[PDB]
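**Q** Please find one structure pasted underneath; my questions will follow.
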There are 4 protein chains.
Amino acid sequence: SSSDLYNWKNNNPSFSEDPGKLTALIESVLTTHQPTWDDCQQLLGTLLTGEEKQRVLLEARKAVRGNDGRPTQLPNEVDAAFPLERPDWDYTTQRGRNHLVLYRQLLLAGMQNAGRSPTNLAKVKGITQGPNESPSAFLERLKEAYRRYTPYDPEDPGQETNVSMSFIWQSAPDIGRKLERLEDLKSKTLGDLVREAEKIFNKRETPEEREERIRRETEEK
Amino acid sequence: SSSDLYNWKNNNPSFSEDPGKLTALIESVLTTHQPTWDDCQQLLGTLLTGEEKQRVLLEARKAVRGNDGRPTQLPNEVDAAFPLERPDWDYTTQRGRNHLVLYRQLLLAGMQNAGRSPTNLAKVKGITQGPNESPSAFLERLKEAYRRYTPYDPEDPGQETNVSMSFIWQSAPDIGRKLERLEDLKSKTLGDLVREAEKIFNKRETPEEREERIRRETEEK
Amino acid sequence: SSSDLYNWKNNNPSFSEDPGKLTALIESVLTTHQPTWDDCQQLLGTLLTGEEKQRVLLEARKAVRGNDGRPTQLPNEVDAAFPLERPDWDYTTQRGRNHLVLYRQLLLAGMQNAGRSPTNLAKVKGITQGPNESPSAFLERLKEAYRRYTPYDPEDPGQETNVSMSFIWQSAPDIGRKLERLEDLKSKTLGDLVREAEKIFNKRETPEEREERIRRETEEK
Amino acid sequence: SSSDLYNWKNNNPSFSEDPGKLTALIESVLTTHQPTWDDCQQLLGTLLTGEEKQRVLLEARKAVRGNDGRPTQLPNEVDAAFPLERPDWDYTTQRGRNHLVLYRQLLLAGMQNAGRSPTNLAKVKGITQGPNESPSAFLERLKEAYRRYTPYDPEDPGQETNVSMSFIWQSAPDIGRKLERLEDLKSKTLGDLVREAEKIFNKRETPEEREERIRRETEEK
């Protein structure tokens, strides 16, 4: 029904604004509505701009795997899995159904990867600890940026040193300089670094603490 | 009607954003619409992402109880209560109806527990008293975090020392240091601690009080 | 129509968030739609959570009155007025209609009282005059909290000393200390107290007034 | 057989003395003997005193859940699940059998909760470290009291600060005073606290150590 298509469009941000929204909606519809190849063209054509759809389609074709489970750029294999022109898939046949299943899976992959927005290498670098922001709150914002703007899971054990380095570099300057000077820095987990940053953050100075220090200095000399 | 399903989706945050919203909507629908097992698959499939649904389904299976009222991980019992594949339940039979009742109850449990978001042990620690925030207002925010992000009821008598310790640790530093030094601290109720914190909060200094203190010091010397 | 029920739900906050919203909607519907007992179960079941509905139902049963106009906890009387299980009320009979009228009235009472949220004894105490807030503006916020979070009408003559005491206690500290010291304090109306607080609020000091005082002090010595 | 009933009674402590004993025996019998409602009355009537049985029965009725999986105090629902008077349950019917299953489950719940003995808030506070008792041995006794006399599992992550506070408060006075003074106390796990207490416990003084200190003081002056 065109009312469904337009409602989906109108109740969500554009793909470019926030890819997660439409991707999740389309992932759901791909299941509940079991769209054919033509139906998928209407979905994409209605919910995405020309430039977004193109990104998604190339990303979907890049997600095709050969029978050895590895990527393939062989035209015939790519075309057979994710055709750009109407295929002869017959939904009354197991053959047709299997192609439809795969097509939908690849379409989803395409959207997920096109959303990735080319490892937002700048959005992650732009997460800097605020002057009042606790180290744990800053770390959560930094992890959120990794999730949204990179393909790397900040909770993976293999990403720990990577997240740790961003955490040290992008902490407030006093904190970052002290974390950098920690003894056996290589041995510090992300949790260790947060605890060390908290010691600096919590055992610092405050306007009341500055008034107390000024009073103690005036009592001294 | 697909219009109902999509309306429910579009008028609520995602499950991940705020699990309470969709959980309450689904709890209601489970009653008013008396869904079958297939209907429940459409509900879940339409309102949740693939990753959310999975969490919910495993949480629902973890909520199954044996005839002795205790948890069970026995495949046959788990499968019989909360099947992952279409069951042969016939709604025209008391047997079918009872399974449907239980299934819906477990589905709800699954959502409630999946929402729990693994005892947000960080969200509770992140509630810190603001510099202008009264102790009672801070305590209410702290209790709200316990409710939303842990399975513990902050109003339970058995949670009092737990909430008390968070209250002391996460109060503004001047207040927390004084609460920690209270005589017979073990004997203080949560209400006592709030009253003691209020004494510090209210009998402190203000910019007008600082101007008065500076005037009194200038009158002194 | 399920569209009406779901529209009512989706266009309002939850009962817990703001009880007034749904209570007013349901009060209206109880009149325009003249619901039967089953209809009321759908209303409640759809618009309230399990925990909210329970609160409302117990509150409704607590609102039942005997023939002497007084509360009654006599099971038969409570059950007859507000049955928890489907009653045999026949809307084609004056008997059935009268029970329906009473049921709807009690349902409304239940919601009104369940909303009361147990005399939010903390929300009223949490209304504190802001540093720039006029005494009359503060008093209006304090009265709003009485209305929303207690069963007491702050405009009732019998509540005047009660509101007066909250007004004095929760005024800005300089104001509250002076109001407390007023001669013949017992004789002061709420209006008197507001006028006395205004004298303190308006005849105080300002940054321009502080600059003028500093200039006068520098001219003095 | 009355011999079984009296043997069970005579080979166990009373419910009041140690609820776990009879509860475990009855849980077993409820399974192996598949008792009817009347059989359960004989079990309870024979193994419990009048006052114990009453506690158990009210606790069992308090454990009844509605179809939404939540507690219910609706007379008809409570009565239907756990009747105080002989029900018409026919064990030759699936309907009768299901009620029997539920009844037995609720009976067990009732006993488990009646045993709880109202969160023995005093038994837990009464666990104090002995003068020769190691911190780990004391902690195990403290956890045992939580298990026996509260509904809280001392091994739950959400109970850690609660157990930690009891551990600090009820440690031997020298130990408790030092644990209270630990830097970053909020950051200490239960395991950390035990290790810190062990440092105090093991690096203290002994009668031989006192003789050595007296000899060193006599050598000094």
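As shown in the structure tokens, the chain order sets the letters A, B, ...; within each chain, residues go from 1, and ligands are also counted from 1 in the order they appear.
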Leaving out residue B:85 and any residue of its chain fewer than 6 positions from it, which residues lie within 12 Å of it when counting only C-alpha atoms, given as number ranges by chain?
**A** B: 37-38, 40-41, 57, 79
**Q** Name all residues at most 9 Å from stretch 167-176 of chain A (count only C-alpha atoms; drop same-chain ones fewer than 4 positions away) and give them as a list in words.
**A**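 Once the nearby chain positions are removed, what remains is residues 125, 126, 127, 128, 129, 130, 131, 133, 135, 138, 139, 142, 162, 163, 180, 181, 190, 193, 194, 196, 197, 198, 200 and 201 of chain A.
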**Q** Please produce a file of the residues just selected, as a compact mmCIF listing (two decimals), in the first residue's frame, where the atoms kept are N, CA and C atoms.
**A**
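Final file, result35.txt:
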```txt
# COMPACT_ATOMS: atom_id res chain seq x y z
N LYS A 125 37.47 10.84 16.64
CA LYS A 125 38.48 11.77 17.14
C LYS A 125 37.85 13.01 17.75
N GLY A 126 36.62 13.33 17.37
CA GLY A 126 35.96 14.50 17.91
C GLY A 126 35.36 14.35 19.28
N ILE A 127 35.41 13.16 19.88
CA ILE A 127 34.86 12.95 21.23
C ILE A 127 35.93 13.39 22.22
N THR A 128 35.76 14.55 22.85
CA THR A 128 36.74 15.05 23.81
C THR A 128 36.08 15.25 25.16
N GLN A 129 36.78 14.86 26.22
CA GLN A 129 36.20 14.96 27.56
C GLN A 129 35.91 16.41 27.91
N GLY A 130 34.68 16.67 28.37
CA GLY A 130 34.29 17.99 28.81
C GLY A 130 34.93 18.33 30.15
N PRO A 131 35.00 19.63 30.46
CA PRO A 131 35.68 20.04 31.70
C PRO A 131 35.00 19.55 32.97
N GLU A 133 33.05 16.66 32.83
CA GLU A 133 32.62 15.32 32.49
C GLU A 133 33.49 14.27 33.18
N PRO A 135 35.37 10.72 33.86
CA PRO A 135 36.04 9.80 32.93
C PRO A 135 35.16 8.66 32.45
N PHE A 138 32.69 10.12 29.86
CA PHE A 138 33.42 10.36 28.63
C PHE A 138 33.70 9.05 27.89
N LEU A 139 34.14 8.02 28.62
CA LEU A 139 34.41 6.75 27.95
C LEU A 139 33.14 6.19 27.29
N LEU A 142 32.67 7.98 24.11
CA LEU A 142 33.67 7.56 23.14
C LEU A 142 33.31 6.20 22.55
N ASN A 162 43.25 0.04 21.23
CA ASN A 162 42.77 1.10 20.35
C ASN A 162 41.87 2.08 21.10
N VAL A 163 40.89 1.56 21.83
CA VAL A 163 40.03 2.44 22.62
C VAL A 163 40.84 3.12 23.72
N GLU A 180 49.32 9.15 30.44
CA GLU A 180 50.47 8.88 29.59
C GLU A 180 51.72 8.56 30.41
N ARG A 181 51.85 9.15 31.60
CA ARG A 181 53.02 8.95 32.46
C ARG A 181 52.89 7.77 33.40
N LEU A 190 41.53 -0.91 30.07
CA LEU A 190 40.61 0.21 29.96
C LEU A 190 40.00 0.56 31.31
N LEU A 193 42.62 2.38 33.36
CA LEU A 193 42.77 3.76 32.92
C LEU A 193 41.64 4.63 33.43
N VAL A 194 40.41 4.12 33.40
CA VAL A 194 39.28 4.89 33.93
C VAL A 194 39.47 5.17 35.41
N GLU A 196 42.32 5.34 37.08
CA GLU A 196 43.39 6.32 37.24
C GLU A 196 42.93 7.72 36.88
N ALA A 197 42.12 7.84 35.82
CA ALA A 197 41.59 9.14 35.44
C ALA A 197 40.65 9.67 36.51
N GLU A 198 39.89 8.78 37.13
CA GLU A 198 38.98 9.21 38.20
C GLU A 198 39.75 9.77 39.38
N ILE A 200 42.51 11.46 39.31
CA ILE A 200 42.84 12.83 38.94
C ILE A 200 41.59 13.70 38.93
N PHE A 201 40.50 13.19 38.36
CA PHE A 201 39.28 13.99 38.23
C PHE A 201 38.70 14.35 39.59
```
**Q** Residues of chain D within 9 Å of chain C: nearest atom pair and distance (Å, one decimal) for each, counting only C-alpha atoms, sorted by chain and number, as CSV?
**A**
```
residue,atom,partner,partner_atom,distance
D:68,CA,C:50,CA,7.3
D:70,CA,C:50,CA,7.7
D:72,CA,C:54,CA,8.2
D:74,CA,C:84,CA,7.2
D:75,CA,C:84,CA,8.7
D:76,CA,C:85,CA,8.0
```
**Q** Output N, CA and C atoms of each residue in that selection to a file, as a tab-separated table (two decimals), in the first residue's frame.
**A**
```
chain	number	residue	atom	x	y	z
D	68	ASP	N	-1.11	-12.30	34.06
D	68	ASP	CA	-0.12	-11.34	33.58
D	68	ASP	C	1.19	-11.52	34.34
D	70	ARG	N	1.84	-11.25	37.43
D	70	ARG	CA	2.05	-10.35	38.56
D	70	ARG	C	1.20	-10.76	39.75
D	72	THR	N	-1.53	-10.84	42.68
D	72	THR	CA	-2.92	-10.45	42.65
D	72	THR	C	-3.51	-10.73	44.01
D	74	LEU	N	-6.90	-10.31	44.20
D	74	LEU	CA	-8.30	-10.49	43.82
D	74	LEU	C	-8.85	-11.80	44.38
D	75	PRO	N	-9.77	-11.70	45.34
D	75	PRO	CA	-10.32	-12.88	46.03
D	75	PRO	C	-10.58	-14.09	45.15
D	76	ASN	N	-11.25	-13.91	44.03
D	76	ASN	CA	-11.57	-15.02	43.15
D	76	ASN	C	-10.34	-15.71	42.56
```
**Q** Give me every helix (DSSP H, G or I) residue in stretch 8-187 of chain A, going by DSSP on the backbone, as a PyMOL selection string.
**A** chain A and resi 8-10+19-32+37-47+50-61+75-81+94-115+121-125+135-149+157-170+173-180+185-187
**Q** What's the 12 Å shell around residue D:44, counting only C-alpha atoms, without same-chain residues fewer than 6 positions away, as a list in words?
**A**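 Contacts, in chain order: residues 5, 6, 8, 9, 14, 15, 22, 23, 25, 26, 27, 29, 30, 35, 37, 38, 50, 51, 52, 53, 54, 55, 56, 57, 104, 107, 108, 110 and 111 of chain D.
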